[PDB]
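*Asks:* Protein chains in written order, with the working numbering: chain A, 1 to 370; chain B, 371 to 756.
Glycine is no exception: its CB is placed at the ideal position from the N, C-alpha and C atoms.
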Amino acid sequence: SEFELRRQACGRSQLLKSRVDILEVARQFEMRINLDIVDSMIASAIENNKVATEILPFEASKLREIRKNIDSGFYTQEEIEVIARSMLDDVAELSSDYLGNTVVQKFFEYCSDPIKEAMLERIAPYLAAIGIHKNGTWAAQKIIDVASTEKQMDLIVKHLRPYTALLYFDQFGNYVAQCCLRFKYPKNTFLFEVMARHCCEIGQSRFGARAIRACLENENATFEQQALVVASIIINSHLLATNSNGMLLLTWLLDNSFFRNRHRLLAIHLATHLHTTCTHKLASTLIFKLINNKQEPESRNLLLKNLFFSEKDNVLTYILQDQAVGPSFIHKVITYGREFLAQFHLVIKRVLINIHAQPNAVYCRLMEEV
Amino acid sequence: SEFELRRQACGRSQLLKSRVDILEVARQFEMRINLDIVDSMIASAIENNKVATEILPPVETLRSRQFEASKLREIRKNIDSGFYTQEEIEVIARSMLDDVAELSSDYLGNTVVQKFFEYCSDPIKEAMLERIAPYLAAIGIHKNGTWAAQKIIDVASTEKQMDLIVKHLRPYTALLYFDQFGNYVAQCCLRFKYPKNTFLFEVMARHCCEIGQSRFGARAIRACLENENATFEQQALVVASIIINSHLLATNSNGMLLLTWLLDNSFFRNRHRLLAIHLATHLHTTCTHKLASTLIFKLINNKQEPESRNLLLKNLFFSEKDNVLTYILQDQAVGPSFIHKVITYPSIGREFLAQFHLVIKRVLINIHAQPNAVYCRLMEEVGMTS
RNA sequence: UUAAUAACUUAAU
Ligand SMILES: [Mg+2]
Numbered sequence: 001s002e003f004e005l006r007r008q009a010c011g012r013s014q015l016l017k018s019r020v021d022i023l024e025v026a027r028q029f030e031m032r033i034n035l036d037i038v039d040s041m042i043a044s045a046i047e048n049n050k051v052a053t054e055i056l057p058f059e060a061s062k063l064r065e066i067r068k069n070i071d072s073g074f075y076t077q078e079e080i081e082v083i084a085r086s087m088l089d090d091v092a093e094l095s096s097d098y099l100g101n102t103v104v105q106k107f108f109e110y111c112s113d114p115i116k117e118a119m120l121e122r123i124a125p126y127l128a129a130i131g132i133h134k135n136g137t138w139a140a141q142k143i144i145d146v147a148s149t150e151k152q153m154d155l156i157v158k159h160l161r162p163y164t165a166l167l168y169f170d171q172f173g174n175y176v177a178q179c180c181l182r183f184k185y186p187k188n189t190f191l192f193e194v195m196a197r198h199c200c201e202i203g204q205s206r207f208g209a210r211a212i213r214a215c216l217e218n219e220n221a222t223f224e225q226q227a228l229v230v231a232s233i234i235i236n237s238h239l240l241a242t243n244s245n246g247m248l249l250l251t252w253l254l255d256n257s258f259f260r261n262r263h264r265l266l267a268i269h270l271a272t273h274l275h276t277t278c279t280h281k282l283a284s285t286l287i288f289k290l291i292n293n294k295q296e297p298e299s300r301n302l303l304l305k306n307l308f309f310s311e312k313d314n315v316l317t318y319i320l321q322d323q324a325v326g327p328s329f330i331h332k333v334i335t336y337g338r339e340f341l342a343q344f345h346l347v348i349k350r351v352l353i354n355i356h357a358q359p360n361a362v363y364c365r366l367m368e369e370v
Numbered sequence: 371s372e373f374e375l376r377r378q379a380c381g382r383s384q385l386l387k388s389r390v391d392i393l394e395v396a397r398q399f400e401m402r403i404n405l406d407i408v409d410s411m412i413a414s415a416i417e418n419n420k421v422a423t424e425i426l427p428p429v430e431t432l433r434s435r436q437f438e439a440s441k442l443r444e445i446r447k448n449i450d451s452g453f454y455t456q457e458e459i460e461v462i463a464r465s466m467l468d469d470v471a472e473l474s475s476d477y478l479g480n481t482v483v484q485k486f487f488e489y490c491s492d493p494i495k496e497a498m499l500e501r502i503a504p505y506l507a508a509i510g511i512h513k514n515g516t517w518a519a520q521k522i523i524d525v526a527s528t529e530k531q532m533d534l535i536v537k538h539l540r541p542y543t544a545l546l547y548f549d550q551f552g553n554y555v556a557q558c559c560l561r562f563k564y565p566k567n568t569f570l571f572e573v574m575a576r577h578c579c580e581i582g583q584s585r586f587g588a589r590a591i592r593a594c595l596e597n598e599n600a601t602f603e604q605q606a607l608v609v610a611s612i613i614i615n616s617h618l619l620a621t622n623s624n625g626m627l628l629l630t631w632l633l634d635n636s637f638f639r640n641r642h643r644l645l646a647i648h649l650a651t652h653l654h655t656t657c658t659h660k661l662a663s664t665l666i667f668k669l670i671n672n673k674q675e676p677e678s679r680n681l682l683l684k685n686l687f688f689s690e691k692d693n694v695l696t697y698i699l700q701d702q703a704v705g706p707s708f709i710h711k712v713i714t715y716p717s718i719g720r721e722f723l724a725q726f727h728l729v730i731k732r733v734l735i736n737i738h739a740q741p742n743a744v745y746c747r748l749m750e751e752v753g754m755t756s
């Protein structure tokens with residue numbers, strides 16, 4: 001699957017490793033986030049290990065008349081329910097039918113809850129498969145959108161949870177996932193558990209990253225749910241910054257977010273990954289945004305210490321030994337003080353000597369600046 | 371509105387005042403013109419006074435736009451695939467009569483409404499048109515809807531359809547000519563032929579000033595006059611209206627395009643003579659305007675039209691108490707430069723040249739014009755200084 | 001000789 005490929009390129013979940021670091025970041029937001037709620041979600045995130053590999057899956061005239069008579073008000077609610085109960089053996093197959101999907105929709109709009117629960121009991125094991133179907137997705141979102149009882153939501157949550165990651169990857173399934181935000185806490189929690197645990201894999205997909213943004217901006221996400229996923233975004237920022245989709249989440253985090261200390265906490269974490277981020281074409285752009293920001297001095301200060309005044313200049317050496325990104329980054333960073341500027345000038349000159357750096361197109365500007 | 375500004379810079383219509391002068395210009399056009407038809411057009415032009423100030427779109431309702439988009443995509447997809455009967459199309463169209471007016475301006479709906487008029491039979495077209503006609507003008511000036519409005523007009527096959535279009539477009543006709551898209555919507559009605567397309571020429575004659583001064587209306591007038599469905603009476607009505615508005619058209623490049631078209635047309639006889647006769651009574655504004663004076667200068671320099679340059683020069687220099695020349699030489703940026711250019715042109719003579727020199731000398735003295743950069747060159751030409 | 005198809009910025013029958 002696409003999940004298998006990104007799971008291989010992400011390693012073990014940062015939520016598994018840094019359960020205590022995530023709890024601290026959520027605490028260190030200074031937003032009064034209840035840690036017991038956050039930890040229990042990390043608990044249920046680790047508890048629920050069922051993760052799916054793939055998603056596994058009455059002629060035209062007769063269906064049209066059913067839909068025609070329902071739209072015409074020609075039916076009683078009890079008359080619709082007799083029809084529905086007589087099609088339970090087929091209602092799952094119909095949910096993906098180009099005509100059946102419109103009928104199953106009408107069935108859920110008008111039947112009473114016990115019949116909706118009877119239909120859903122036959123559909124639930126296929127809801128994720130219907131959810132990614134071009135036709136079926138209209139029925140699956142309608143089913144979730146009209147889920148009114150507790151028995152209905154639990155059935156949807158139970159049979160969607162193993163496929164929640166795979167849904168975020170899908171052009172239609174990620175909207176099906178978002179439909180579950182209606183359930184509110186605690187039923188919609190499974191969405192944020194999956195987003196936090198697989199923030200690396202989901203964040204690197206074209207749809208999942210955009211669906212994460214949507215979930216975090218949703219009015220039914222509690223602060224704790226937001227804090228859990230955002231903290232996961234932060235401790236994965238060194239991985240998300242390496243591709244455009246992950247960068248979208250980080251861009252969203254810096255700009256369109258109300259989280260206090262997000263800039264500082266993001267910089268603090270990225271300071272231990274300066275060699276890889278500042279040598280990557282896209283990640284270096286973010287590292288510069290964190291330093292160039294004048295209103296975040298603690299970030300720029302900690303980022304500059306780890307950048308130039310390192311254990312043995314190994315951080316600065318790695319960056320300047322890179323060809324396509326490294327030296328351009330360091331030259332920029334400095335060319336935007338005067339006493340402080342010469343102090344950085346001193347450290348750059350030492351590394352370029354030990355690099356044996358030639359003054360070709362890579363080192364023209366930087367060698368002149370120091 | 372933007373219409374209010376064009377009429378304020380035009381004044382009241384020259385068609386109302388000079389109803390008999392237009393009839394005069396129509397005669398001296400030669401041609402096979404039935405003169406009585408022209409006057410009855412000026413009559414219908416003045417009777418029909420219901421003119422709209424603005425163009426209002428159909429009120430927008432609330433739609434689940436993505437369920438609506440999928441529906442329209444499939445309708446267009448199945449029509450293009452021939453999977454639909456003409457009856458199946460008409461069933462769908464009849465179910466959307468409450469919606470065709472608002473859909474006509476939609477990015478997708480406009481393509482579907484087009485197909486509906488291409489494929490439905492005439493009763494269903496008339497049924498759709500009865501819902502769309504009061505907004506056709508609005509649809510007509512929409513960047514999307516104009517494709518649907520022009521289609522509806524181009525496929526108007528019955529008399530009931532043309533009359534509906536003419537009925538519900540006439541109040542907005544002037545507004546359509548002003549619009550970058552609506553002016554093509556108005557031209558689509560030229561297909562209707564005489565006498566149904568006459569409303570286009572009535573509006574062009576009454577509002578010749580406002581329309582002829584606009585980038586799109588002036589070019590639309592030129593297109594209508596060159597259209598194969600414009601009778602000689604319709605051409606003469608509008609061209610004569612252009613002549614009696616020449617002093618206003620000559621003040622911008624769009625109206626000047628109409629006058630340059632008329633002169634280079636060579637189909638209307640006595641165009642140069644009739645144009646100069648009218649422009650001789652408006653020498654104050656033309657000879658002081660940057661662009662209009664260019665035309666007046668061309669009308670005199672033309673040696674092959676001697677009668678025109680004689681009437682122009684008599685009214686230029688020999689006016690009551692010198693008020694025409696006074697106004698021109700009182701102007702700074704255009705006036706004096708024009709008179710000097712008229713003098714220093716070897717086509718006047720010498721008996722008349724001294725007569726012109728006398729009056730200009732008298733005006734500049736009675737103006738108390740100083741010999742600065744404006745009047746230095748001209749003052750030496752008549753005496754004054756050296 | 002003035003022409004011209006919307007927005008969205010992850011949607012879709
Ligand atoms: Mg798009």
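For residue 429 of chain B, count neighbouring C-beta atoms within 10 Å of its own C-beta (all shown protein chains included) and say buried if the count is 16 or more, exposed if not.
*Replies:* Start at 1 with the first residue of the second sequence, and residue 429 of chain B comes out as number 59. With fewer than 16 other Cβ atoms within 10 Å, it is exposed.
*Asks:* Whose CA, out of B:554, B:543, B:557 and B:562, lies closest to the CA of residue 527 of chain B?
*Replies:* The residue given as residue 527 of chain B occupies position 157 in the second sequence. Per the Cα distances, B:562.
*Asks:* Going by beta carbon distance, what residues of the same chain come within less than 7 Å of residue 593 of chain B, once the five residues before and after it are set aside?
*Replies:* To locate residue 593 of chain B, count along the second sequence from 1; it is residue 223. For residue 593 of chain B, where only same-chain residues beyond five positions count, the Cβ hits under 7 Å are 557.
*Asks:* Near residue 605 of chain B, what residues of its chain come up, given a Cβ to Cβ distance below 7 Å and the 5 sequence neighbours on each side ignored?
*Replies:* Stepping through the second sequence from its first residue, residue 605 of chain B is reached at position 235. Cβ neighbours of residue 605 of chain B beyond the five flanking positions: 595.
*Asks:* Once you ignore the five residues that flank residue 204 of chain A on each side, which residues in its own chain have a CB closer than 6 Å to its CB?
*Replies:* Here the question's residue 204 of chain A lines up with position 204 in the first sequence. Excluding residues within five positions, the ones whose Cβ falls inside 6 Å are 6, 243, 245 and 246.
*Asks:* Kindly indicate the opening and closing residues of the alpha helix (DSSP H) around residue 654 of chain B.
*Replies:* Within the second sequence, numbered from 1, the residue matching residue 654 of chain B stands at position 284. Run containing residue 654 of chain B: 653-656, per the alpha helix (DSSP H) assignment.
*Asks:* Is the number of C-beta pairs between the segment 71-81 of chain A and the segment 232-243 of chain A that are closer than 8 Å three or more?
*Replies:* Segments in contact, no.
*Asks:* What is the DSSP secondary structure of residue 391 of chain B, reduced to helix, strand or coil?
*Replies:* Locating residue 391 of chain B in the second sequence gives position 21, where the first residue counts as 1. Note: residue 391 of chain B maps to helix in three-state DSSP.
*Asks:* Could you tell me how far apart the beta carbons of residue 519 of chain B and residue 553 of chain B are, in whole angstroms, since I believe they sit closer than 8 Å?
*Replies:* By one-based count along the second sequence, residue 519 of chain B stands at place 149. By one-based count along the second sequence, residue 553 of chain B stands at place 183. Not confirmed; about 12 Å, so no contact.
*Asks:* Alpha carbon to alpha carbon, what distance is there between residue 129 of chain A and residue 37 of chain A?
*Replies:* Taking the first sequence and counting its residues from 1, one reaches residue 37 of chain A at position 37. Taking the first sequence and counting its residues from 1, one reaches residue 129 of chain A at position 129. Approximately 31 Å between the Cα atoms of the pair.
*Asks:* What residue range is occupied by the uninterrupted alpha helix (DSSP H) comprising residue 5 of chain A?
*Replies:* Counting from one through the first sequence, the residue named residue 5 of chain A turns up at place 5. Its alpha helix (DSSP H) spans residues 2-8.
*Asks:* Have a look at residue 565 of chain B and residue 135 of chain A and give me their C-alpha separation to the nearest angstrom.
*Replies:* For this step, residue 565 of chain B is matched to residue 195 along the second sequence. For this step, residue 135 of chain A is matched to residue 135 along the first sequence. Rounded to the nearest angstrom, the two C-alpha atoms are 54 Å apart.
*Asks:* Please return the same chain residues whose Cβ sits closer than 6 Å to the Cβ of residue 13 of chain A, not counting the five positions on each side in sequence.
*Replies:* Here residue 13 of chain A corresponds to residue number 13 of the first sequence, with the count starting at 1. Only 197 meet the Cβ criterion.
*Asks:* Provide the residue span of the alpha helix (DSSP H) that contains residue 375 of chain A, from first to last.
*Replies:* There is no way to answer for residue 375 of chain A, as the model of chain A reaches only from 1 to 370.
*Asks:* Mapping the DSSP letters down to three states, classify residue 11 of chain A as helix, strand or coil.
*Replies:* Numbered from its first residue, the first sequence carries residue 11 of chain A at position 11. In this structure, residue 11 of chain A counts as coil in the three-state DSSP scheme.
*Asks:* To the nearest angstrom, how far is it from the Cα of residue 371 of chain B to the Cα of residue 381 of chain B?
*Replies:* Taking the first residue of the second sequence as position 1, residue 371 of chain B is located at position 1. Taking the first residue of the second sequence as position 1, residue 381 of chain B is located at position 11. One C-alpha to the other measures close to 16 Å.
*Asks:* Hey, quick one: how far does the alpha helix (DSSP H) through residue 347 of chain A stretch, first residue to last?
*Replies:* Along the first sequence, read from residue 1 onward, the residue named residue 347 of chain A stands at position 347. 339-355 is the extent of the alpha helix (DSSP H) around residue 347 of chain A.
*Asks:* If we call anything under 8 Å between Cβ atoms a contact, is residue 238 of chain A one with residue 270 of chain A?
*Replies:* The residue you call residue 238 of chain A lines up with position 238 of the first sequence. The residue you call residue 270 of chain A lines up with position 270 of the first sequence. In contact: residue 238 of chain A and residue 270 of chain A (Cβ atoms closer than 8 Å).
*Asks:* Is there contact between the segment 735-750 of chain B and the segment 696-708 of chain B, where contact requires at least three CB pairs shorter than 8 Å?
*Replies:* With the cut-off at 8 Å, the segment 735-750 of chain B and the segment 696-708 of chain B touch.
*Asks:* Report the three-state DSSP secondary structure of residue 325 of chain A (helix, strand or coil).
*Replies:* Along the first sequence, read from residue 1 onward, the residue named residue 325 of chain A stands at position 325. Residue state, collapsed to three classes: coil.
*Asks:* By a C-beta neighbour count over all protein chains shown, 10 Å radius and 16 as the cutoff for buried, is residue 529 of chain B buried or exposed?
*Replies:* Within the second sequence, the letter at position 159 stands for residue 529 of chain B. Classification of residue 529 of chain B: exposed, given that the 10 Å Cβ count is below 16.
*Asks:* Can you list, in chain order, the residues of its chain whose CB lies under 7 Å from that of residue 67 of chain A, leaving out five sequence neighbours each side?
*Replies:* In the first sequence, the residue the question calls residue 67 of chain A occupies position 67. Excluding positions up to five away in sequence, the list reads 102, 103 and 106.
*Asks:* Measure the C-alpha to C-alpha separation of residue 441 of chain B and residue 468 of chain B and round it to an integer number of angstroms.
*Replies:* Residue 441 of chain B sits at position 71 when you count from the first residue of the second sequence. Residue 468 of chain B sits at position 98 when you count from the first residue of the second sequence. Going by the C-alpha atoms only, they are around 16 Å apart.
*Asks:* Which same chain residues end up closer than 6 Å to residue 727 of chain B when comparing Cβ atoms and leaving out the 5 residues on each side of it in sequence?
*Replies:* Your numbering for residue 727 of chain B matches position 357 in the second sequence. Within the same chain, residue 727 of chain B has close Cβ partners 752.
*Asks:* Within the continuous alpha helix (DSSP H) that includes residue 490 of chain B, where are the two ends?
*Replies:* As a position in the second sequence, residue 490 of chain B is number 120, starting the count at 1. First-last for residue 490 of chain B: undefined, no H or E at that position.
*Asks:* With 16 other CB atoms within 10 Å as the buried threshold, where does residue 49 of chain A fall?
*Replies:* The sequence position of residue 49 of chain A within the first sequence is 49, counting from 1. Burial call: exposed.
*Asks:* Determine the direct distance from the alpha carbon of residue 65 of chain A to that of residue 433 of chain B, and round the result to whole angstroms.
*Replies:* For the purposes of this step, residue 433 of chain B is taken as residue 63 along the second sequence, with counting starting at 1. For the purposes of this step, residue 65 of chain A is taken as residue 65 along the first sequence, with counting starting at 1. Answer to the nearest angstrom: the Cα atoms are 25 Å apart.
*Asks:* Which residues in the same chain as residue 631 of chain B place their Cβ atom closer than 6 Å to its Cβ, once the five residues preceding and following it in sequence are excluded?
*Replies:* For the purposes of this step, residue 631 of chain B is taken as residue 261 along the second sequence, with counting starting at 1. If we look at residue 631 of chain B and ignore the five residues flanking it on each side, its Cβ neighbours are 592.
*Asks:* Between which residues of its own chain and residue 738 of chain B is the CB-CB distance below 6 Å, once the five residues before and five after are set aside?
*Replies:* Sequence index remark: in the second sequence, residue 738 of chain B carries index 368 (1-based). Cβ neighbours of residue 738 of chain B beyond the five flanking positions: none.
*Asks:* What number of angstroms, rounded off, separates the C-alpha of residue 599 of chain B from the C-alpha of residue 560 of chain B?
*Replies:* Taking the first residue of the second sequence as 1, we reach residue 599 of chain B at position 229. Taking the first residue of the second sequence as 1, we reach residue 560 of chain B at position 190. Cα to Cα, residue 599 of chain B sits roughly 6 Å from residue 560 of chain B.
*Asks:* Assuming the contact rule is C-beta atoms closer than 8 Å, residue 620 of chain B and residue 661 of chain B should be a hit. Round their C-beta distance to whole Å, please.
*Replies:* As a working note, residue 620 of chain B is residue 250 in the second sequence. As a working note, residue 661 of chain B is residue 291 in the second sequence. About 7 Å separates the two Cβ atoms, so the contact holds.
*Asks:* Helix, strand or coil, according to DSSP, for residue 639 of chain B in the structure here?
*Replies:* Residue numbering aside, residue 639 of chain B sits at position 269 when the second sequence is read from its first letter. Note: residue 639 of chain B maps to coil in three-state DSSP.
*Asks:* By the three-class DSSP mapping on this structure, what secondary structure does residue 38 of chain A have?
*Replies:* The residue given as residue 38 of chain A occupies position 38 in the first sequence. Helix, per DSSP.
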